[PDB]
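Single-letter residue listing:
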Amino acid sequence: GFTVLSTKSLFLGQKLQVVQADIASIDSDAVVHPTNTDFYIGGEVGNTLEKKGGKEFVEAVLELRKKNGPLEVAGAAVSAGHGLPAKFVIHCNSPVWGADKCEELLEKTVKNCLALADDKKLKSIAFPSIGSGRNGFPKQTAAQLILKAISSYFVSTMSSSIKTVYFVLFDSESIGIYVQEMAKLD
């Protein structure tokens, strides 16, 4: 279980929800794991997924790394959510804040995540604040771009199966940022 703190229903019926929790605990169909080109597992999100999902989660990431090869910037790739509430883990390689097209690329990252979720006909996806870990995006900037990407994705993709997008954030500040940004959508 968890408590949705805020819901924004988009006009095309997707539920965006902010949840303050450990994202690894969220039984979303997919959870997004912001990683790097080499599918490094660490940082807030990777640590928590690893903590939750343990060896089977890591084995699945390593396999995915081996199969996928290096994840391009803004690239996403999925692994099974072994050891985790989430059915799949969508690993993404966010750009670094300051990269020439960091903003566009962060959007692309998000869209790639959504696309991979839709490719597996998933109904729900949980995002942490992609890019605002070591990748250095201000949380608000990240939030605004992510939400922008989400909005764009759903108005561009009529066959999308994703009904719920979670923003799962551990800290109050992030929560506040996301509920502010998410409210600016329709």
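Here is what the cut-offs are and how they apply
Residues numbered from 1 in each chain as written, not as in the entry; some residues may be left out. Heavy atoms only, no water. Helix = DSSP H or I, 4+ residues; strand = E, 2+ residues; numbered from the N terminus. Buried < 20%, exposed > 50% of the residue type's maximum accessible area, 1.4 Å probe, protein only. Contact = heavy atoms within 4.5 Å. Salt bridge = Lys/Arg side-chain N within 4 Å of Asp/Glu carboxyl O. Pairing = 2+ DSSP bridges. Axes fitted to C-alpha atoms, helices over the stretch in contact; angles between N-to-C directions. Patch = residues over 30% accessible without salt bridge, like charges linked within 9 Å, V, L, I, M, F, W, Y side chains within 5 Å. Areas by Shrake-Rupley, 256 points an atom, 1.4 Å probe, with all protein chains shown as cover. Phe/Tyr/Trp six-rings, centres within 6.5 Å; stacked < 30°, edge-to-face > 60°. Right-handed = clockwise from strand over helix to strand, strands pointing away.

1. Thoughts on the environment of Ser-94
For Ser-94, the position within the fold is in the loop between strand 5 (88-93) and helix 2 (102-119). For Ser-94, a relative accessible area of 3% translates into the label buried. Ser-94 sits 81 residues away from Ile-175 along the chain, and the two C-alpha atoms are 20 Å apart. Once residues within four sequence positions are removed from consideration, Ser-94 is found in contact with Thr-35, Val-73, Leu-106, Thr-109, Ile-130, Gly-131, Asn-135 and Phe-137.

2. Quick word on the pattern of salt bridges
Pairing of side chains with opposite charge becomes possible as their charged atoms draw close. All told, the structure shown has seven salt bridges when counted by the stated rule. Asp-186 is paired through a salt bridge with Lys-8; the nearest N and O atoms lie 2.9 Å apart. Of the two residues, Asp-186 sits in the segment after helix 4 (172-183) while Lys-8 sits in strand 1 (residues 4-9), which places them 178 residues apart along the sequence. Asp-186 gets classed as partly exposed once you look at its relative accessible area, which sits at 45%. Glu-173 is the partner of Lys-139 in a salt bridge, and the nearest nitrogen-oxygen pair spans 2.7 Å. Residue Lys-139 is located in helix 3 (residues 139-156), and its partner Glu-173 is located in helix 4; the two are separated by 34 residues in the primary sequence. Residue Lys-139 is classed as partly exposed on the basis of its relative accessible area of 23%. Among the charged side chains, a salt-bridge network with shared partners connects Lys-139, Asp-171 and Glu-173.

3. Description of the sheet that holds strand 2 (residues 15-20)
Taken together, the seven strands give an open sheet; going across it, the order is 1-2-7-6-3-5-4, and neighbouring strands pair in mixed fashion. Either end of the sheet is taken by a strand with one partner, and the two such strands are strand 1 and strand 4 (76-80). Mean inter-strand twist for the sheet, computed between neighbouring axes without regard to direction, equals 25°. Across five bridges, the pairing between strand 1 and strand 2 is antiparallel. If you follow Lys-8 over to strand 2, its bridge partner there is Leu-16. Its contacts with the sheet place helix 4 against strand 1, strand 2 and strand 7 (164-169), and it is angled at close to 165° to strand 2.

4. Points about a nonpolar patch on the surface
On the surface, a cluster of nonpolar side chains totalling about 490 Å² of accessible area is made up of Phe-11, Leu-12, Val-155 and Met-158. Positionally, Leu-12 belongs in the loop between strand 1 and strand 2. Under the relative-accessibility criterion, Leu-12 is labelled partly exposed at 47%.

5. Remarks on the environment of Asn-36
For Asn-36, the location among the structural elements is in the loop between strand 3 (30-35) and helix 1 (43-68). For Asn-36, a relative accessible area of 30% gives the class partly exposed. Note: C-alpha distance between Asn-36 and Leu-185 (149 residues apart in sequence) is 29 Å. Excluding its chain neighbours within four sequence positions, the residues that come into contact with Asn-36 are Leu-71, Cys-92 and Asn-93.

6. Section: the packing of aromatic side chains
Following the criterion strictly, the structure yields five aromatic pairs and no others. On the basis of an interplanar angle of 85° and a centroid distance of 5.3 Å, the ring pair of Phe-2 and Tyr-166 is categorised as edge-to-face. Pair noted here: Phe-2 is in the segment before strand 1 and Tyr-166 is in strand 7, with a separation of 164 residues, a long-range link. For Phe-2, a relative accessible area of 29% gives the class partly exposed.

7. So, the pairing of strand 7
Within strand 7, six of the six residues are buried, which leaves it mostly tucked inside the rest of the structure. Neither face of strand 7 is open: one carries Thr-164, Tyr-166 and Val-168, the other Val-165, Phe-167 and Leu-169, and all of them are buried. Pairing of strand 2 with strand 7, which is carried by six bridges, proceeds in the parallel orientation. Across the sheet, the residue bridging to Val-19 is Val-168, located in strand 7. Across four bridges, the pairing between strand 6 (residues 124-127) and strand 7 is parallel. Within the sheet, the bridge partner assigned to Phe-127 lies in strand 7 and is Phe-167. After leaving strand 6, the chain enters helix 3 and then returns to the sheet as strand 7, a path that is right-handed.

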